[PDB]
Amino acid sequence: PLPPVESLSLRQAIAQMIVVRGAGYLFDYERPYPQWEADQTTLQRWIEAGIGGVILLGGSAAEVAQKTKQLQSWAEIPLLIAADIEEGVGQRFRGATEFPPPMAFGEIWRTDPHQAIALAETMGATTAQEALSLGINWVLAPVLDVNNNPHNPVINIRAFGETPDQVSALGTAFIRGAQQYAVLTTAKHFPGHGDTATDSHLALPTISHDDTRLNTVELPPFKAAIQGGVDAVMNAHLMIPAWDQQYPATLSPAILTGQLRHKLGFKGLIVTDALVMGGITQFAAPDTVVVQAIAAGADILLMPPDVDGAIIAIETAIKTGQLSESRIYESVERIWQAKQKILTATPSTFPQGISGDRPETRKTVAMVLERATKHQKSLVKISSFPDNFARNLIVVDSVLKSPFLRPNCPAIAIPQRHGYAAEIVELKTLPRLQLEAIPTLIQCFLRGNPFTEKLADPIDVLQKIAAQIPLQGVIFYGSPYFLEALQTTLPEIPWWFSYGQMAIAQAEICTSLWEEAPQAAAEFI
């Protein structure tokens, strides 16, 4: 049981408002981002000093189960443990279930809203169940951004849709599913990151729409999620000059308190987006950011660049009258309500609670991919060829970030059985690559995501290649936004599209490419 709020020292009270970043991996030498990911000594130190929570990235599901156990064992007050599991727990932690991205659910909603809503609830339910199984009690999802700017590099297919109705129905469905379990759900990124071409990881975007438009498009999904009892709302780092010309949302009383806490009447946790993000760190110094975020009405400071300095800077602000001690305890009260909800769970323990091979779950994933697929409407199929006669050219945003490419994955293995030998390159390399002229299939895995300056635009190079060699077909996995241009520029070339990049998504698309039955890999290791 939680201790009374009053029993906390002021410094423990402040520490409760802070959530710090770890890696899912057990050991220091495994951190991919040691600049942002606390080592073990620092993590134990922070937790023993009363830090409120931890956000985790990286590691297999089994590792994470082991990690969250270790972290909680250090905590006197139970930790909130969060992850950006927007596409199933398996998106982040391998060995749990990865769902297709939210926009696939949106695609289905267009022609079959009732089914799409059902599937989205199943996604929420399963996400929540698997999260608890790993010791993750805080789901940072659903994304409620409305992606109405097709050039948005950061949100893109992470959004449930391009209109407020669509996004509202699917986002709330997800929340209803997750509400079967005791986990916090999180609406992001208030008041929505949908219409911009700029990634707030890189720079501070400005959304220039007026108050009426914000209430017409950006807001409705947030209002619905708030009425539906979402536990937390995460803000975007964005300039919203209709509301504030001075501060971005993260630092803006007008936005965090005026719009969210006051006008929309949101009673739950207001959480900053990550405070190490370029959008915010280019705006003000770390100590200024934490004090102003609190004053603007944030309950949770997510990933402050300097945690030890933040605590001291907050103590200092209190001693000078810039912040009040009572203000801190208002956030602690809210955090207590949230932690009370997650204490409620009966323990679930890995592998128990993970869907794995469960037919119902695997069929859900398959169905979503299948109903959201698109392809050029023509009868033509990709040709089979003798062994190693043809080329299967796989193009990705980054090789480092393509976990879906694994030995003998279906996007490789299947065309291989039709005579297409695999070659993997990054899009930025492709223009300078001299392709041998032999029948070639091109599969592009390209999508928006955090740390994308602009969406990949394959069309120009595809067109150049089509003129150089016999291009048999093009497959897109991920973002749909260049299909129109593909069809317009190269109508003679057949194309297929899926929202998913995972093995099962590859298998569905690739199997549909060929009329002939597969021919004849010897490799076991």
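Start at 1 and count along the sequence shown; that's the residue number.
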| property | result |
| --- | --- |
| Segment of higher mean CA temperature factor, 83 to 91 or 346 to 354 | 346 to 354 |
| 139 to 147 versus 321 to 329 - which carries the larger mean C-alpha B factor in the record | 321 to 329 |
| Top residue by Cα temperature factor, when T126, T429, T272, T186 are compared in the entry | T429 |
| Options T97, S168, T216, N156 - largest CA temperature factor per the record | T216 |
| Record-listed C-alpha B factor of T41: chain third | middle |
| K67 by Cα B-factor - lowest, middle or highest third of the modelled chain | lowest |
| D28 by Cα B-factor - lowest, middle or highest third of the modelled chain | lowest |
| Third of the chain, ranked by Cα B-factor, where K267 sits | middle |
| CA B-factor ranking of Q416, expressed as a third of its chain | middle |
